[PDB]
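Undergrad: I would like the atomic coordinates for the input below:
(one chain, ligands or ions: 4)
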Amino acid sequence: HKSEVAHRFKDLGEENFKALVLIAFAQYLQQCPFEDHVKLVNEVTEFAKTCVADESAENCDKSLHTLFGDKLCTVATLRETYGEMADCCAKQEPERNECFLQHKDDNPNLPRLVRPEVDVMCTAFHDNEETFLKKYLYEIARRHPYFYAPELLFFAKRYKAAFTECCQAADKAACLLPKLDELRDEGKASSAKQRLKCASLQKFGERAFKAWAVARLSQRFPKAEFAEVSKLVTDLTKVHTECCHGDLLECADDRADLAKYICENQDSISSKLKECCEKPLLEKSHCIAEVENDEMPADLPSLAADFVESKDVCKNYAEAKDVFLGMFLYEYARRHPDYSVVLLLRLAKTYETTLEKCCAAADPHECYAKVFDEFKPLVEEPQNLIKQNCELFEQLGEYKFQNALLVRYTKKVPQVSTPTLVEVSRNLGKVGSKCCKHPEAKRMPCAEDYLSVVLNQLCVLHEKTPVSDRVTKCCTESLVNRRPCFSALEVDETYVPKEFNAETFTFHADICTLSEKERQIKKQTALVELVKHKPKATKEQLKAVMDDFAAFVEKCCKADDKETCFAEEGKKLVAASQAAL
Ligand SMILES: COc1ccc2c(c1)c(CC(=O)O)c(C)n2C(=O)c1ccc(Cl)cc1
Ligand SMILES: CCCCCCCCCCCCCCCC(=O)O
Ligand SMILES: CCCCCCCCCCCCCCCC(=O)O
Ligand SMILES: CCCCCCCCCCCCCCCC(=O)O
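TA: Residues are numbered from 1 along each chain as shown. Ligands and ions are numbered 1, 2, ... in the order given. You can find the structure just below:
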């Protein structure tokens, strides 16, 4: 790297370079229009080419940070539009780049991106593919200034793939709409995960992160020796620590350094990394992060020997407590790919707590002899919740499963906004659809990754406008206790029924023409208000009010005249429902 631009241009290729530069500027100049970004990208790209042709050509030896910051400072409208950020340009480069980092705005007032009609989108794509995808790349990037740029590039390539398939085909919308909802979903979850993982780093600390990573890595690479795992985790901590501070280039080099080290030590790590390690720089680290679990060594010993039975458990423990507990976690985790990480950390903390107690006592050995018994209830709690909830999901499917979740949660925390209860019960229900399709042995993992994001979403909303000390309690709990605290929420005995409000339970003919989704949401919103108003209501009384509403809606949308029915029979539902509750 006599010239860092030329080297990156050569490593990326022109198309990836141009996209990544568009995303990087999009995340810093969130208010400047597309055409101004197209102009920055073309200028940085002309410049890069000059350096590829001649590494000694003028300005080519400058740092990428330097070049990025100088282009920002050439934006003539910078002060008028972004203000404080323009004062970063008066700084000398080390402190300058630090100043730009603080002056991104997480979440700007930008209007929601409306999904155009399938036919408008498909024609847009066909006429000018590059500006269709790029404009929307710009639009996403500016709305998510913290999303890892190469992952956003990963999503774009999948969108593009979706249009290329679905737009020359028989029924475009029935192909394209399912692809786009899943991309939408998966993109929203990716953004929330990145956010979560940096918040968790700050809240819960470096130790907690290392434990998490030791557990996840040991499941992934069970053939790796513990020293290799601790080496990966120590470099991962650095990397994630740097990525959370937010400097794209430094994050990308750190991730590239890890991926390079991992790829150069495959045989010492995992037999599943061949295909990731053959990919170009840009995708390597992404592929490695997603790689499948290696198969565990076939005849591994019991953990009682090193952690229960040997003399010097206490000696080994006292000498390096975190190293010992790390080893316990490594050995437990590599044996249990079927466990959630968080369950593996519960188990580790149960072992820590017992060592702490037992190594003091005169006979530690008798004291901690039954620690493995303490793991039993810990393992079975999540396994049964998952049993019960998938069995329920199978009987009364996704939509009806949602309505079950919606009654449950509304009674536990009636103080929570109706939209919030609907959305999180909708989301929980989707995690049902997905994870109950896995066999038991794969389910707890599936549960964890998605529930982690549903629960953090839940807590951030609730921190913005609190409402329940109990939701606040669980939201502030240790990361291992979050979900069990929510699971220990009982029906709220304090709560005073919300008062009657007839508009809430008035429905018009508008509902039989609404989309499937919109009719479902409208019905769920009424369900919650019903429960809020009648939280004393038993199972059978709700089902009787629900089957009646369902018969009422078919009556009024099968009829020769609808609007009279959606008002006549609405009196003959609401009045009977109150009396029966
Ligand atoms: C192959 O090189 C890498 C590079 C970076 C990685 C990983 C692997 C893995 C995982 C793996 O190796 O399976 C993670 C998780 N990486 C992150 O940057 C990251 C993102 C969010 C958080 Cl909270 C923490 C770290
Ligand atoms: C290479 C070893 C690194 C060790 C990293 C920390 C190991 C701690 C294991 C105890 C359980 C940790 C669970 C997080 C919550 C907590 O206990 O504070
Ligand atoms: C004139 C300024 C140019 C701006 C450069 C834009 C940022 C390009 C760097 C991103 C490359 C990603 C490298 C992959 C690393 C990884 O995640 O494995
Ligand atoms: C604004 C705060 C939002 C809270 C909305 C309530 C949603 C239900 C929260 C409790 C359940 C979380 C999942 C725990 C698993 C279980 O059901 O046992």
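
Undergrad: dihedrals phi and psi, the residue nearest to residue 247 when sequence neighbours are not counted?
TA: The shortest distance from residue 247 to any non-neighbouring residue, by Cβ to Cβ, 6 or more residues apart in numbering, is to residue 101 (6.1 Å). Heads up, the C-betas are built off the backbone N, CA and C, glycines and all. Backbone dihedrals for residue 101, given as degrees, to the nearest 10, come out at phi -60, psi -40.

Undergrad: ok, residue 101 - how many residues close by?
TA: For residue 101, the neighbour count with other Cβ atoms under 10 Å is 14.

Undergrad: identify the residues contacting it.
TA: With Cβ atoms under 8 Å, 6 or more residues apart in numbering as the criterion, the residues that contact residue 101 are 245-247.

Undergrad: state the distance from it to residue 246.
TA: As judged by Cβ to Cβ, to the nearest Å, residue 101 and residue 246 stand 5 Å apart.

Undergrad: equivalent analysis for residue 130, please.
TA: In this view, residue 130 and residue 246 are 29 Å apart by Cβ to Cβ.

Undergrad: close to ligand 3: what parts of the stretch 51-200 of the chain are there?
TA: Taking Cβ under 6 Å from any ligand atom as the contact definition, the stretch 51-200 of the chain meets ligand 3 at 64, 67-68, 71, 150.

Undergrad: out of those residues, which is nearest to ligand 1?
TA: When these are compared for distance to ligand 1 (Cβ to the nearest ligand atom), residue 150 comes out closest, at 10.9 Å.

Undergrad: helix or strand for that closest one, which one?
TA: Residue 150 belongs to helix 149-166 when elements are defined using DSSP states H and E.

Undergrad: what's around residue 388, how many residues?
TA: Residue 388 is surrounded by 10 other residues when neighbours are defined as other Cβ under 10 Å.

Undergrad: which element is it on?
TA: Secondary structure assignment for residue 388, by DSSP H and E: helix 371-395.

Undergrad: now for the next helix or strand after that helix, which elements pack on it?
TA: Remark: after helix 371-395, the chain's next helix or strand is helix 398-412, criterion DSSP H and E. Contacts of helix 398-412 with other secondary structure elements, assessed using 3 or more Cβ pairs under 8 Å, 6 or more residues apart in numbering; DSSP states H and E, are made with helix 371-395, helix 418-435, helix 516-533.

Undergrad: pull out the buried positions in stretch 292-301.
TA: 293-294, 296 (16 or more other Cβ atoms under 10 Å).

Undergrad: CSV for those, including distance to ligand 4?
TA: Output for these, formatted as CSV (distance: Cβ to the nearest ligand atom, whole Å):
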residue, distance to ligand 4
293, 25
294, 31
296, 29
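
Undergrad: return the distance of the residue of the stretch 101-250 of the chain found nearest ligand 3 relative to ligand 2.
TA: As assessed by Cβ to the nearest ligand atom, ligand 3 sits closest to residue 150 within the stretch 101-250 of the chain, at 4.8 Å. Applying Cβ to the nearest ligand atom, to the nearest Å, the value for residue 150 to ligand 2 is 28 Å.

Undergrad: so which helix or strand takes in the closest residue to that residue other than its chain neighbours?
TA: Leaving out its chain neighbours, the residue that sits closest to residue 150 by Cβ to Cβ, 6+ apart is residue 282, at 6.1 Å. In this structure, residue 282 sits in helix 281-290 according to DSSP H and E.
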